[PDB]
Amino acid sequence: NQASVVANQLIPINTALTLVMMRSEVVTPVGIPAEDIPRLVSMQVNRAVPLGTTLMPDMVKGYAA
């Protein structure tokens, strides 16, 4: 089924995303699609994102699908 991006470590506020930060899992509710990982790289989050949190569109500065 449909995988989303999930935080693979705590991602602090205002921190640019790296590939080691993002895993993919089938979770609900559904978040940013796992195929968008590659383009989230270097975008910043606007809040701290705890380990295992699904990344949602409103958490990433500048994201529009």
# chains A, B, ... in the order shown; residues from 1 in each chain; ligands from 1
>>> select_by_dssp(residues="region 17-49 of chain A", states="strand (DSSP E)", output="compact mmCIF listing (two decimals) with N, CA, C and O atoms, in the first residue's frame")
# COMPACT_ATOMS: atom_id res chain seq x y z
N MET A 22 14.81 10.48 6.69
CA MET A 22 13.49 10.12 6.17
C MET A 22 13.40 8.63 5.79
O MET A 22 14.12 8.20 4.88
N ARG A 23 12.54 7.91 6.46
CA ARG A 23 12.25 6.53 6.02
C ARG A 23 10.85 6.54 5.38
O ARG A 23 10.16 7.55 5.36
N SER A 24 10.45 5.36 4.92
CA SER A 24 9.14 5.24 4.32
C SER A 24 8.40 4.07 4.94
O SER A 24 9.01 3.05 5.33
N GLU A 25 7.15 4.33 5.30
CA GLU A 25 6.32 3.29 5.88
C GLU A 25 4.85 3.48 5.46
O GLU A 25 4.40 4.59 5.23
>>> select_by_dssp(residues="chain A", states="alpha helix (DSSP H)", output="list in words")
residues 37, 38, 39 and 40 of chain A
>>> residues_around(residues="residue 59 (chain A)", least_positions_apart="6", cutoff="12 Å", atoms="only C-alpha atoms", output="list in words")
residues 5, 7, 11, 12, 13, 14, 15, 17, 31, 32, 40, 43, 44, 45, 46, 47, 48, 49, 50 and 53 of chain A
>>> residues_around(residues="residue 8 (chain A)", least_positions_apart="2", cutoff="8 Å", atoms="only C-alpha atoms", output="JSON, numbers by chain")
{"A": [6, 10, 20, 21, 22, 23, 51, 52]}
>>> atom_distance(atom1="CA of residue 60 (chain A)", atom2="CA of residue 4 (chain A)")
14.1 Å
>>> decode(residues="region 19-47 of chain A", atoms="N, CA and C atoms", output="PDB file, in the first residue's frame")
ATOM      1  N   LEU A  19      18.744  12.831   3.670  1.00  0.00           N
ATOM      2  CA  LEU A  19      18.260  11.501   3.407  1.00  0.00           C
ATOM      3  C   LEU A  19      18.292  10.555   4.594  1.00  0.00           C
ATOM      4  N   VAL A  20      19.170  10.781   5.572  1.00  0.00           N
ATOM      5  CA  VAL A  20      19.206   9.876   6.725  1.00  0.00           C
ATOM      6  C   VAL A  20      18.016  10.168   7.639  1.00  0.00           C
ATOM      7  N   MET A  21      17.298  11.270   7.434  1.00  0.00           N
ATOM      8  CA  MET A  21      16.216  11.630   8.327  1.00  0.00           C
ATOM      9  C   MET A  21      14.873  10.982   7.923  1.00  0.00           C
ATOM     10  N   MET A  22      14.811  10.481   6.687  1.00  0.00           N
ATOM     11  CA  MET A  22      13.490  10.116   6.166  1.00  0.00           C
ATOM     12  C   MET A  22      13.397   8.635   5.790  1.00  0.00           C
ATOM     13  N   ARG A  23      12.538   7.905   6.455  1.00  0.00           N
ATOM     14  CA  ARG A  23      12.249   6.527   6.022  1.00  0.00           C
ATOM     15  C   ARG A  23      10.851   6.541   5.379  1.00  0.00           C
ATOM     16  N   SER A  24      10.451   5.363   4.918  1.00  0.00           N
ATOM     17  CA  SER A  24       9.136   5.239   4.320  1.00  0.00           C
ATOM     18  C   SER A  24       8.399   4.067   4.937  1.00  0.00           C
ATOM     19  N   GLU A  25       7.146   4.333   5.301  1.00  0.00           N
ATOM     20  CA  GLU A  25       6.321   3.288   5.879  1.00  0.00           C
ATOM     21  C   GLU A  25       4.852   3.484   5.465  1.00  0.00           C
ATOM     22  N   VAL A  26       4.137   2.367   5.584  1.00  0.00           N
ATOM     23  CA  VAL A  26       2.695   2.408   5.336  1.00  0.00           C
ATOM     24  C   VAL A  26       1.991   2.766   6.629  1.00  0.00           C
ATOM     25  N   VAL A  27       1.508   4.009   6.732  1.00  0.00           N
ATOM     26  CA  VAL A  27       0.949   4.461   8.007  1.00  0.00           C
ATOM     27  C   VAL A  27      -0.384   5.163   7.752  1.00  0.00           C
ATOM     28  N   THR A  28      -1.123   5.371   8.851  1.00  0.00           N
ATOM     29  CA  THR A  28      -2.363   6.161   8.656  1.00  0.00           C
ATOM     30  C   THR A  28      -2.508   7.092   9.840  1.00  0.00           C
ATOM     31  N   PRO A  29      -2.859   8.340   9.577  1.00  0.00           N
ATOM     32  CA  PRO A  29      -3.213   8.847   8.272  1.00  0.00           C
ATOM     33  C   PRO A  29      -2.030   9.003   7.326  1.00  0.00           C
ATOM     34  N   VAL A  30      -2.344   9.148   6.040  1.00  0.00           N
ATOM     35  CA  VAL A  30      -1.332   9.252   4.991  1.00  0.00           C
ATOM     36  C   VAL A  30      -0.740  10.665   4.977  1.00  0.00           C
ATOM     37  N   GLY A  31       0.563  10.726   4.760  1.00  0.00           N
ATOM     38  CA  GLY A  31       1.291  11.985   4.795  1.00  0.00           C
ATOM     39  C   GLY A  31       1.872  12.237   3.423  1.00  0.00           C
ATOM     40  N   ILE A  32       2.960  12.984   3.374  1.00  0.00           N
ATOM     41  CA  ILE A  32       3.660  13.234   2.106  1.00  0.00           C
ATOM     42  C   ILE A  32       4.118  11.903   1.560  1.00  0.00           C
ATOM     43  N   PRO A  33       3.853  11.650   0.301  1.00  0.00           N
ATOM     44  CA  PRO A  33       4.174  10.404  -0.374  1.00  0.00           C
ATOM     45  C   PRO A  33       5.674  10.174  -0.342  1.00  0.00           C
ATOM     46  N   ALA A  34       6.028   8.891  -0.198  1.00  0.00           N
ATOM     47  CA  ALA A  34       7.404   8.447  -0.140  1.00  0.00           C
ATOM     48  C   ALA A  34       8.201   8.709  -1.388  1.00  0.00           C
ATOM     49  N   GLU A  35       7.539   8.837  -2.549  1.00  0.00           N
ATOM     50  CA  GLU A  35       8.192   9.205  -3.798  1.00  0.00           C
ATOM     51  C   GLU A  35       8.693  10.637  -3.826  1.00  0.00           C
ATOM     52  N   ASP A  36       8.210  11.511  -2.928  1.00  0.00           N
ATOM     53  CA  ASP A  36       8.646  12.875  -2.819  1.00  0.00           C
ATOM     54  C   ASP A  36       9.857  13.055  -1.917  1.00  0.00           C
ATOM     55  N   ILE A  37      10.436  11.956  -1.413  1.00  0.00           N
ATOM     56  CA  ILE A  37      11.585  12.119  -0.524  1.00  0.00           C
ATOM     57  C   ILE A  37      12.692  12.933  -1.145  1.00  0.00           C
ATOM     58  N   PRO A  38      13.089  12.541  -2.357  1.00  0.00           N
ATOM     59  CA  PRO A  38      14.187  13.120  -3.087  1.00  0.00           C
ATOM     60  C   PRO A  38      14.052  14.615  -3.198  1.00  0.00           C
ATOM     61  N   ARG A  39      12.836  15.154  -3.372  1.00  0.00           N
ATOM     62  CA  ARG A  39      12.676  16.599  -3.425  1.00  0.00           C
ATOM     63  C   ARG A  39      12.455  17.332  -2.111  1.00  0.00           C
ATOM     64  N   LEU A  40      12.268  16.625  -1.002  1.00  0.00           N
ATOM     65  CA  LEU A  40      12.266  17.254   0.319  1.00  0.00           C
ATOM     66  C   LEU A  40      13.679  17.560   0.809  1.00  0.00           C
ATOM     67  N   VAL A  41      14.678  16.876   0.246  1.00  0.00           N
ATOM     68  CA  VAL A  41      16.070  17.057   0.667  1.00  0.00           C
ATOM     69  C   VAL A  41      16.459  18.516   0.592  1.00  0.00           C
ATOM     70  N   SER A  42      16.996  19.048   1.677  1.00  0.00           N
ATOM     71  CA  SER A  42      17.330  20.451   1.840  1.00  0.00           C
ATOM     72  C   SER A  42      16.170  21.382   2.186  1.00  0.00           C
ATOM     73  N   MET A  43      14.921  20.943   2.200  1.00  0.00           N
ATOM     74  CA  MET A  43      13.833  21.804   2.670  1.00  0.00           C
ATOM     75  C   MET A  43      13.878  21.798   4.197  1.00  0.00           C
ATOM     76  N   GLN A  44      13.382  22.825   4.843  1.00  0.00           N
ATOM     77  CA  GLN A  44      13.391  22.885   6.295  1.00  0.00           C
ATOM     78  C   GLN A  44      12.014  22.575   6.877  1.00  0.00           C
ATOM     79  N   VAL A  45      12.025  21.976   8.059  1.00  0.00           N
ATOM     80  CA  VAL A  45      10.749  21.819   8.771  1.00  0.00           C
ATOM     81  C   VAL A  45      10.453  23.049   9.604  1.00  0.00           C
ATOM     82  N   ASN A  46       9.186  23.301   9.906  1.00  0.00           N
ATOM     83  CA  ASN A  46       8.803  24.472  10.672  1.00  0.00           C
ATOM     84  C   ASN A  46       8.488  24.129  12.108  1.00  0.00           C
ATOM     85  N   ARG A  47       8.733  22.878  12.504  1.00  0.00           N
ATOM     86  CA  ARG A  47       8.472  22.508  13.902  1.00  0.00           C
ATOM     87  C   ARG A  47       9.386  21.318  14.195  1.00  0.00           C
TER      88      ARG A  47
END
